[PDB]
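Taking the form deposited in one PDB entry, here's one chain by itself in structure tokens.
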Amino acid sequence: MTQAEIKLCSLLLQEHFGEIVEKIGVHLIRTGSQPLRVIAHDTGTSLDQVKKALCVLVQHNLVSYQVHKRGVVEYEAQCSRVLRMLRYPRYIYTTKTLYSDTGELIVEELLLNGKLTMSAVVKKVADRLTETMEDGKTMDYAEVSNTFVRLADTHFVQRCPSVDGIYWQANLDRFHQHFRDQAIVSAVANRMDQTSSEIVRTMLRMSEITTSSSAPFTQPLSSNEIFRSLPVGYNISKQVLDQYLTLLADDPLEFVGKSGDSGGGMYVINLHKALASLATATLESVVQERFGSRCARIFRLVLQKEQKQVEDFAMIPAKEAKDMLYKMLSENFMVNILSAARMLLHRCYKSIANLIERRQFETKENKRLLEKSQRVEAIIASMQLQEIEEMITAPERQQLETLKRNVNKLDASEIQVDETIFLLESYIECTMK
């Protein structure tokens, strides 16, 4: 489908929703759009267990339903939407960044609890922000409400589609468009300068409503329309802008291109070139992370430019060079951009699956101890307290903290591997022209 993708979907549906939901979800992912009775029959599950499983998956925006030909309700699940569960910590973080704890909680609630009306969200968030507050002061629902409206305006939050519209959901495409723009801007910043990245940031912002999250180029923009829409904080004159725009167009990176000229010169953002570059950068990262600085140096050289001309420009030992070329061809790096991006994506799905399995293994192996911890924590809630904590012995506390540290490392790795998955998927889907 791939099987890496199914295994990963299965693991996520199990960890969050358990046995039956995982069976039904993986069934729909594998077999496609079908009515309730076919699901029950094909999975050897009772209509009652199927009904509850579909309810949990619809609630959590993982299953959609549509009325077909003879008025029969069919259900569908898509593999990618299940895979985006790995991206939830990032979506929540990205929101915090743009709309503070108020925005962070709005998106956290929508993703974690699924479909909810605006009222449900405002009531949950305002109540959550009030508990974190020191005696009194209170959280004004009006401000939580304004944050919600700003999110909906900037499309980070949208009403679920009907066949209803009373429920809200996070718009993953919107986060995806933002992550793409952010990656490009950061790349322009660390290679060129602050003004260059700011111009590119302005250009991508004025492209938010005009270009799709997977297009290879932005809509052409004049220097005048870019100048008009520049941030107020920037005191850059139109002469300084045209100077930077031609400096951006005439760059080895090739992120900005003159499409017209025209008044006062038409400029596009080479989104595909920008992604190809980010992809090659992560590939280099993986080469150094696995085979070292030597192998990574010779890989970088293969990206620029036959061993007759290769070894003559390598500037490293001949016997050493031969060893490197084997490791990179066999492990599929040596360089074809897409092919190597596609295989690393595949390896990423295998990595995250191993990460989850290891965590599930660690928590299962310490189930009795974790239960002892939870029980001790719960007793502390009722209103000396030192003796109830002494239940968990010094060796036990060492094991729990070790487990917390291990899980936290595995969780952090999961987010890290998914940051790579985003870059690969983005490059791969952009390369569909």
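In case it trips you up, residue 1 is the first one in the sequence shown, and so on. Residues that one form lacks are left out of the comparison. Rigid core: the largest C-alpha set superposing within 1.5 Å between the two forms.
The same protein has a further form, the form deposited in another entry, not shown here; the description that follows concerns it.
Superposing the two forms on their core leaves just one of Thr117, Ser237, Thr97, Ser229 with a Cα displacement of at least 2 Å between this form and the one not shown, namely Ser237. A displacement of 2 angstroms or greater separates the C-alpha positions of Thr246 between this form and the one not shown, with the rigid core held in common.
Compared with the form shown here, the Cα atoms of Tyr234 and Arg174 move at least 3 Å farther apart in the other entry. In the other entry, the separation between the C-alpha atoms of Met203 and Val240 shrinks by 3 Å or more relative to the displayed form. 233 to 258 stands as the sole run between this form and the one not shown where every Cα shifts by 2 Å or more, at least three residues long, with the core as reference frame.
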